[PDB]
Structures are given as C-alpha cells and as structure tokens.
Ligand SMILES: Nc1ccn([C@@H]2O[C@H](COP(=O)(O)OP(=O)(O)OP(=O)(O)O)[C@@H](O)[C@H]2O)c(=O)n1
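The form solved without cytidine-5'-triphosphate (CTP) is given below as one chain in structure tokens.
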C-alpha cells in the first residue's frame, strides 16, 4: 500500500556542532537531506515524511525546508542522539497501522523501484530490508590482531530503507527498550523477537551512506553519471 517514512538525522555520521550537520552539506548546490527528501516527495506511495532531528537544529531544519517546495507532508520530530531512540520517537508519530519505512537521511540515492520492491515484501511477510552481497573478506579483529575470518558465502551488507508493518516494528522497539538492547539497524530488533523474521531485497551498490568527505566525492560522481549510458 502507501507508507509513511521515518528519516532519522541521528546515526548519519559523526556528530557535528549545531547547525553544521553533515546532512546540510551541499551536493550539486542542494543539501544531502534535500536530495533524500526529494526521493520520497516524488514517490506516489509516500504519504508522509517524519524527519527526526536534534531539537537544537529545529530552526535550521525549519529554515531549510521553507526554502524548497514539497508536495508531501513533512513532520519534524525532536529525537535523541541515538539513532534507535530517534527512530522509535518517529514511529510514535505514525497515526495509523500501515507500512512504515525507516530510511537513513544520508542515503540520497535510493530508487523508487527498490522502494516498491521493499514494500511488496513487507506487506507479505512483515519486515524487509535492502541489502547487497558482501564482496570483501570480513574478519573479526581484537587490538589489530585477527581473531577469525567470517565465512563469507551468505553475508550481506545492509542498507536502508527498511520496511515493516508498524505494529511489528513498534513491538520490536518496545521490547528492545525494555531490555536495554541496542541494535545497529531496525531489522535487528525484529530479529530479537520470538516470531521475528526479516526478508531481504537485493539493492544497488550506489545506495551509499554519505558520512565522510570521501563519500561526498563518490556521491558527486554517482549524480553526474546517473544522467547517462550505463555500462553493464
């Protein structure tokens, strides 16, 4: 069906002084967050965007959003420094049982076709995530000494959005909060529940999270190239 999207500003790279959020860095003249918002704004099935921010940057986000036209409702919600608490505070803003997406503010390259595929999986089974196969060797390391190599065959690097039935994800967040469980992503909270199962939709290697100057460099090139002929 249609969905609400919760976009945390938290957990999107290192914490910057108020007003110098990494989400405000311009990419081809527009802040990273504007790029990301546009994807959901232009998507027919997105009913509402819930942008969860630090209260000390409310004036900045308000000003920024007043400078661009949107055709989708955007709610600014004050959240914590922790991505997980912020996401849960956003979820609490969702007004009815529906499919909800949680999407990193610093992932502007998500495509509508991946969003539709996700939503279809989540309707069906309750929880779906975008991910890509791991290509590098992964090791666990303690004080720069290798402990083990993680068997690679079935490893996937997880992205966002992540799509869920609202009630299922609210429950996951409630239980994790009660237990003091911190997960790195939303799916991990659902995986900790008794019933919990999470489906995977394969995404694109260009759905990068922008947290460093080097990521911005790659981002500029992805945008420049998206215009054109695509090599396979």
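Numbering follows the first chain given and starts at 1. Between two forms, the rigid core is the largest collection of C-alphas that superpose within 1.5 Å.
The form solved in complex with cytidine-5'-triphosphate (CTP) exists for this protein as well; it is not shown, and the discussion that follows is about that form.
Although the chain is displayed without it, cytidine-5'-triphosphate (CTP) can be placed by superposition from its pose in the deposited complex; doing so yields three or more atoms within 2.4 Å of backbone or C-beta atoms, and the site is blocked. Checking 117-125, 75-83, 140-148, 89-97 against cytidine-5'-triphosphate (CTP) in the deposited complex, the stretch whose residues place heavy atoms within 4.5 Å of it is 75-83. Three-residue candidate spot 13, 23 and 106; every residue lies within 4.5 angstroms of cytidine-5'-triphosphate (CTP) in the deposited complex by at least one non-hydrogen atom. Comparing the forms between the shown form and the other one on their rigid core, the Cα displacement of residue 10 reaches 2 Å or more. Relative to this form, the distance between the C-alpha atoms of residue 12 and residue 183 is increased by at least 3 angstroms in the deposited complex. Here's the thing about residue 19 and residue 58: their CA atoms end up at least 3 Å farther apart in the deposited complex than they are in this form.
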